[PDB]
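Take a look at the structure below.
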Amino acid sequence: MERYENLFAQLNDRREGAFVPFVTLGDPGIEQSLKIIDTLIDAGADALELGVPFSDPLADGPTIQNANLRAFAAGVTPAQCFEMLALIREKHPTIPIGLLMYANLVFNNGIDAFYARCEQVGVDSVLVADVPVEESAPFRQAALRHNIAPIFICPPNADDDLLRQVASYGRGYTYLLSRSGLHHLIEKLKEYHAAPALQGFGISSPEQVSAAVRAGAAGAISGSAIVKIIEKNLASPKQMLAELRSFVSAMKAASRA
Amino acid sequence: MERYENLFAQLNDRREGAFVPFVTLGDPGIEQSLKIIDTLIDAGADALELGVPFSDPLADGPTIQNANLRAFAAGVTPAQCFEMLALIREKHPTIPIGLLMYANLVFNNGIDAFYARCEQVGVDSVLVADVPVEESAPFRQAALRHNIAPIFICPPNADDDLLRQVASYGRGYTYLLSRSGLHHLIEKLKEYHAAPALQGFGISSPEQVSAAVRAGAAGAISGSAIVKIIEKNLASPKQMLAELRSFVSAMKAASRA
Amino acid sequence: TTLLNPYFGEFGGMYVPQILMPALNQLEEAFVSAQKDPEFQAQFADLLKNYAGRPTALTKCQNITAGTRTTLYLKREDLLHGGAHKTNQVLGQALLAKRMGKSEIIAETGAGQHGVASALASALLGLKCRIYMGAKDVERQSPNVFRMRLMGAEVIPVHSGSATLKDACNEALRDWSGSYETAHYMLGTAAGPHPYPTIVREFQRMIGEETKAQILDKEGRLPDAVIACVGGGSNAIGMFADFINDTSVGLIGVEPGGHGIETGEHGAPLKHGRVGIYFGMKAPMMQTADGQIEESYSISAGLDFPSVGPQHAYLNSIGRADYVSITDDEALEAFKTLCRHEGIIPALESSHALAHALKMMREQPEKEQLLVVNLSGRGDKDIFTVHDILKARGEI
Amino acid sequence: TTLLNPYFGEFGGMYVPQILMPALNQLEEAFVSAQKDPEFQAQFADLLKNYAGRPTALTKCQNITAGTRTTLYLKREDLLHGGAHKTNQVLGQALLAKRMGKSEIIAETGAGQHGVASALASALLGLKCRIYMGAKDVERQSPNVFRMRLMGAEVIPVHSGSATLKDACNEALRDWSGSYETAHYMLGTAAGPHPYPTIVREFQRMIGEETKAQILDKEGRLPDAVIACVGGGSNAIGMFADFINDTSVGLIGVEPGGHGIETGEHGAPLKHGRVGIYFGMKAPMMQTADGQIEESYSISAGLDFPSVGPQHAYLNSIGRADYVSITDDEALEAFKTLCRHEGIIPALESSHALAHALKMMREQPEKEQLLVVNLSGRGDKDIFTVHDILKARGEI
Ligand SMILES: O=C(NCCOP(=O)(O)O)c1ccc(OC(F)(F)F)cc1
Ligand SMILES: O=C(NCCOP(=O)(O)O)c1ccc(OC(F)(F)F)cc1
Ligand SMILES: O=C(NCCOP(=O)(O)O)c1ccc(OC(F)(F)F)cc1
Ligand SMILES: O=C(NCCOP(=O)(O)O)c1ccc(OC(F)(F)F)cc1
Ligand SMILES: *Cc1c(COP(=O)(O)O)cnc(C)c1O
Ligand SMILES: *Cc1c(COP(=O)(O)O)cnc(C)c1O
Ligand code: NA
Ligand code: NA
């Protein structure tokens, strides 16, 4: 499919940025997570980034570490995540769906088989957090053979060789990091015909979405801010969804011309 | 004085051995110790060997270690021991009195001064347990200047040089050890004109006294056996003295022709 | 692109987030430079000799082998300053950090030994050291925590995840990704992403180099086998490296068998795990059927890394080295045996290596063989562990 | 009559019951013979090198002395097998016991270190070792007791007297007087009756011999002073002996000052006691006005001998060596300082020596001086003692 290409062309026609929430699949349980995701979409999410719970998420801060723990408390497994993904795609045929994976879960039963399963359930992209471009070949190749976009991170200091590699190897979008653990990066990515850039890390208010789009990014990704709302409202699921709806509506509105 | 020479000449006229009890001065207290000593004499002790309590009696087994501890529990000091000795001599003008000392108590305030104090209270001999003949010169010299007999141990294996040294250096009697931690020793001591031999260590029954005298010794010394009787009867002082009287009478009777 | 090969056959690599690649590349460049620099080599050698106490003895154990045709030597890393081999490589890494102009050290620790080694190197060399330690380990290893603090290190309890070694490792890497301009990550074994498996081997290789010279001096020939325990792989690769090209010399690595391989409660991923990608590398690990990383188990906390250095996986795959396992009880028996017969209290880690040598001897007592065991550390730290077990099961 | 002089001026001698003289004479003869025997010397040297780890390093401590004109080296007896200098002389004494045809060893211990050293030497050399230890010490030193037992020694609690070191010493001597035909008494310091002060010095003198060669190599001159703690005197005389005839080299012995000399709670008989006769020798001791032997006190149990070796009393009397004291708090500060600034955890005993060197430096920081401290042992054993004090007084 070409779901990201279609989205970005449609947003460009509307002079509009993408707003892309991240959540952990199965946080805080399978059924509430499905409701959370439907609420994110109904509230205006342009695409989704979805984490599969992993025992040791090195690239994640405490908020998302805790989201993974909550999902593990509910017994969530990768197989259950793929069952969820199939249901999500069945309900929502056009929204781009990207996974955020750690390498072991992709490599475990075979890299090809992982990307084959992504294609089968209707996933559009995979970002493997701990595979740098230098190690990426078997991943990006398997991705492309199964019509999955391999997503790469472009760190804030990327030298020129790295920019060119990310531009060549990525598809779907380029994940532009706000920081470590800018118009120069954005223009160079465009010069090298990279996939459109989505800014992520630390995006938690409407003005940041507008700023990202003004800097020339195609949109913004927000995770910890969304997951915080989950964490805050564990005792009241209904208020959780209302607070999520309110947050996403505001972030998406900031992306519109 | 010549109290040992007088005793041994008198016993020899009666074809009789000496029986010599050992006790710790001030065990289990000063007044009971004075009574114990009067009872030993009345019951037939020919001479006394008397220990001054010392913090670390290396040459002593557990029975006498405990006698020292009891005396320390009663606050007994060397000064109090010398006060006791003066009273004993005042009551009993002819009985030979020997002390069993450790070196530090003799050296502490000056070797000469120690032997001068012995002479003043009427002590007849001193055995310093941890001064071998090799270290004995200042001790035996000070002893002799104050008319005190220096007593030496003759161990069971004494080679010929040691026998000759003990014979030359000792006075009063020769302390003949029954064992470590015999007619050859006795005859050689007599050949070298040694002070008469008293056998000690492990002497606890009448037959041992008779045997010692038959082997040619001038008598026998008994300590732990006497001190055991004290230890056994701490709760009944009166029975203590009766049991001591009975034990000493029996041991002394075994020494008679 | 790298200066040196990041792989040993299939195994190894640099499986870290993109943001950490510049730190790894910087470190590789610094290391390649230092290895060619006679001044760096001389400074390292000087610290090893005059501070740490190298060379370490090679001790013949004739009481242990009585009545057999085995001759056994122990390479005495238990006599190294700090009481374990870890000191060698922390000194090298501290010098590298200084070469790169860094004033700060980050380290992870589980049992606390690497923490203590990192702390002493940092104290000596004027580096500000912070150590990540899982909160369960902090609570479990009070003596080592207090040593680290005495030596001026900041000990940071990690309450996240399961609050053990892998969580400390992750917290250390998170910190480094933000601080690598001024802080060096002093990884504690011959594992993790390139260039660490290579750096740690090179900064431990004096173990085998000395052993070779000492055995040639004492016996006029090379060993039939050199035997080392394998937690992450550093003491073993340090012993092995100089002998790899001596094809007659057996290289035997000993993983912890815990309660027994068949119980699943063990620490032997190399022979009983499955290849995965974690800890920045492709290597055998302890993992679920699903790919979640699970724990090692051993009586010896120092052998709890649930994976293994990639060079060991490679040496096994080609048949150059052989890997075996030893149970808790076998290790305990070897510990008791050394204490009684040679007056040397071995680390429980090292006791696994010794236990395997004892088996080689006992199983075939008329086999003529010359064996060296790497005695990777001293076992003063283990006497309470050993006491409590012996008491619980009735003896003593 | 003896082969060698039993006295150092007034001090020393053989003040034992007559029954023990043949044991002492036998031992003296055996020692004089062994010292002339190149085979004995070679066997001893071989054990020292290949089992114990000699030579020990001489480590320059430049962080400690920063900003001053003091250059400080530590002689690293903390790196010796067993973690203290005591190992040197027990190996020599075990070889002497074998030379005399004995199969059994008797030893005394207070803090347990000499017990552990005697046990490891006996395990190595095939001797049946029994160790006397006051019951209060047994209860107080569980870790060392279990080490001794692991190494096959029989540990015999002494409940008599005050159930501490002097009672253990007495029980050991009682046993020996009956068993000396088949058992050797392995006395643990350079004190007691002749020939022990001489034997123990000679079997520790490699400390100073190495230090001399190492300092000449590293500085091209001798030290201005060598500084050692003094409990009974063995590590100090071992450091001092080779320098006695180098009249420019200061010899500084450090006794424990405990809570302060003025409190009476200390362990400094050499400078603050009175000559007496006890422990088989004429020497300064801690005693009442009446002559009863009293106790030392120090934070460091290893410095609790309430007397001192006679050669130290003699070297003091002629002005060749100088003796000073260091309090518990000064020792604690030196312990903390070494840990933090050099990454070396010193025994609390050795910390007394270090504390005095620190004072020499701090009191006169522009005085140019080259100092060696004998770091007689490692301080892993003291970390709980140090922790508990620091906790009790608020810090940490
Ligand atoms: O999208 C992610 N998180 C959600 C957005 O960040 P935030 O809103 O700050 O939680 C996200 C993306 C990549 C990642 O790993 C690595 F960078 F290594 F590839 C970790 C988290
Ligand atoms: O007379 C003594 N004890 C009493 C008699 O012995 P026993 O009846 O067995 O207690 C006695 C004599 C000497 C001695 O020390 C040494 F031998 F070294 F000089 C210790 C005890
Ligand atoms: O085993 C490790 N360290 C040893 C700690 O030693 P100790 O203090 O004795 O537990 C260890 C630490 C980090 C690592 O890689 C990565 F950083 F990526 F996670 C791999 C192994
Ligand atoms: O200090 C002594 N031993 C050291 C024990 O060392 P540690 O185990 O560290 O207490 C010590 C032991 C015996 C001695 O002489 C004598 F045997 F006559 F009593 C003098 C000093
Ligand atoms: C840490 C440790 C080990 C295990 O680590 P490796 O990297 O596998 O060598 C082994 N022995 C001792 C004494 C240790 O401290
Ligand atoms: C026993 C001990 C001492 C004290 O004994 P000396 O005979 O006076 O040397 C000093 N340091 C250490 C480390 C010890 O174990
Ligand atoms: Na492992
Ligand atoms: Na002393």
Side-chain angles (χ1 to χ4, degrees), chain A residues 20-24 49-51 57-64 67 98 100-102 127-132 151-153 155 175 177-181 198-204 208 220-228, chain C residues 16-20 177, chain D residues 77-78 80 82-87 89 109-114 116-117 188-191 200 204 207 228-239 253-256 266-270 273 283-286 296 298 300-309 312 346-353 374-379 381-382:
Chain A
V20 182
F22 165 97
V23 292
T24 294
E49 192 190 33
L50 301 171
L58 165 60
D60 285 301
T63 297
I64 289 150
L100 177 59
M101 298 304 303
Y102 285 82
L127 197 175
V128 190
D130 53 348
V131 174
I151 307 299
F152 296 100
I153 296 280
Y175 194 121
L177 272 178
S178 302
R179 47 163 182 76
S180 84
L198 293 185
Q199 195 175 335
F201 279 46
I203 304 297
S204 66
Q208 291 174 285
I221 296 160
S222 174
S224 294
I226 300 260
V227 175
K228 267 190 192 70
Chain C
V16 295
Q18 194 72 55
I19 186 66
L20 271 168
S177 75
Chain D
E77 300 299 295
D78 62 299
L80 201 63
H85 69 293
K86 290 191 174 67
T87 298
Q89 74 97 9
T109 198
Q113 182 60 227
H114 183 59
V116 168
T189 190
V200 174
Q204 288 293 358
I207 297 169
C229 71
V230 174
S234 67
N235 90 90
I237 204 69
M239 177 55 86
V254 186
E255 299 190 280
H266 63 79
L270 192 158
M285 45 195 53
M286 314 284 271
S296 277
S298 179
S300 183
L303 304 181
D304 270 36
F305 187 55
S307 186
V308 67
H312 292 292
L348 283 172
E349 295 87 343
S350 321
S351 294
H352 286 74
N374 202 25
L375 207 74
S376 59
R378 63 171 175 255
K381 70 191 173 72
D382 296 305

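Only heavy atoms go into these numbers, but all of them, side chains included; no hydrogens, no water, no symmetry mates. Counting starts at 1 for both ligands and their atoms, in listed order. Chain identifiers are assigned alphabetically (A, B, ...) following the order of the sequence lines, protein sequences preceding nucleic acid strands; residue numbering begins at 1 within each chain.
- Looking at atom 9 (O) of ligand 1, its nearest protein heavy atom turns out to be A:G202 N, 2.8 Å.
- Among the atoms of D:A347, none of the N or O lies under 3.5 angstrom from an N or O of ligand 6.
- With ligand atoms numbered from 1 in the order given, ligand 6 contributes 8 (O) to contacts under 4.0 Å with heavy atoms of D:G231.
- You'll find the side chain of D:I237 reaches within 4.5 Å of the side chain of D:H312, heavy atoms only.
- Judged by the shortest distance from any of its heavy atoms, A:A225 lies outside the 4.0 Å radius around the atoms of ligand 1.
- Interface atoms of ligand 6 facing D:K86, defined by a heavy-atom separation under 4.0 Å, are 1 (C), 2 (C), 3 (C), 14 (C), 15 (O).
- Taking backbone and side chain together, D:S296 holds no N, O or S atom under 3.0 Å from the Na ion (ligand 8).
- Within ligand 6, the atoms closer than 4.0 Å to a non-hydrogen atom of D:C229 are 10 (C), numbered from 1 in the order shown.
- Proximity of D:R378 to ligand 6, defined as any heavy-atom pair under 4.0 Å, is not found for any part of the residue.
- The Na ion (ligand 8) lies under 3.0 Å from an N, O or S atom belonging to D:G231.
- Of all the heavy atoms of A:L177, none lies under 4.0 Å from any atom of ligand 1, so neither backbone nor side chain is involved.
- The D:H85 neighbourhood of ligand 6 comprises atoms 2 (C), 3 (C), 9 (O), 10 (C), 11 (N), 12 (C), 14 (C), with distances under 4.0 Å to a heavy atom of that residue.
- The pair D:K381-D:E349 counts as a salt bridge, with a side-chain nitrogen and a carboxylate oxygen less than 4.0 angstrom apart.
- Between D:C229 and D:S376, the closest side-chain pair of non-hydrogen atoms falls below 4.5 Å.
- The shortest separation from a heavy atom of A:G200 to ligand 1 is not under 4.0 Å, leaving the residue out of contact.
- Atoms of ligand 6 lying under 4.0 Å from any heavy atom of D:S234, numbered from 1 in the order shown and given with element: 6 (P), 7 (O), 8 (O), 9 (O).
- Counting the atoms of ligand 6 from 1 in the order shown, those under 4.0 Å from a heavy atom of D:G377 are 13 (C).
- The part of A:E49 lying near ligand 1 is the side chain, judged by heavy-atom distances below 4.0 Å.
- Between A:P57 and A:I64, the closest side-chain pair of non-hydrogen atoms is not below 4.5 Å.
- Between A:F22 and ligand 1, a contact under 3.5 Å exists for no N or O pair.
- Put simply, the side chain of D:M286 does not reach to within 4.5 Å of the side chain of D:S307, judged on heavy atoms.
- Close approach of ligand 6 to D:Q113 (heavy-atom distance below 4.0 Å) involves ligand atoms 15 (O).
- At a cut-off of 3.0 Å, D:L270 is not counted among the residues with an N, O or S atom near the Na ion (ligand 8).
- Closest to atom 4 (C) of ligand 6 among all protein heavy atoms lies D:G302 O, 3.4 Å.
- The contact set between ligand 6 and D:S376, taken as ligand atoms under 4.0 Å from a residue heavy atom, comprises 10 (C), 11 (N), 12 (C), 13 (C).
- Checking A:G223, A:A67, C:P17 against atom 4 (C) of ligand 1, the nearest heavy atom belongs to A:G223.
- Residue contacts with ligand 1: A:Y175 is placed with a nitrogen or oxygen under 3.5 Å of a nitrogen or oxygen of the ligand (distance criterion only).
- Between A:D130 and ligand 1, a contact under 3.5 Å exists for no N or O pair.
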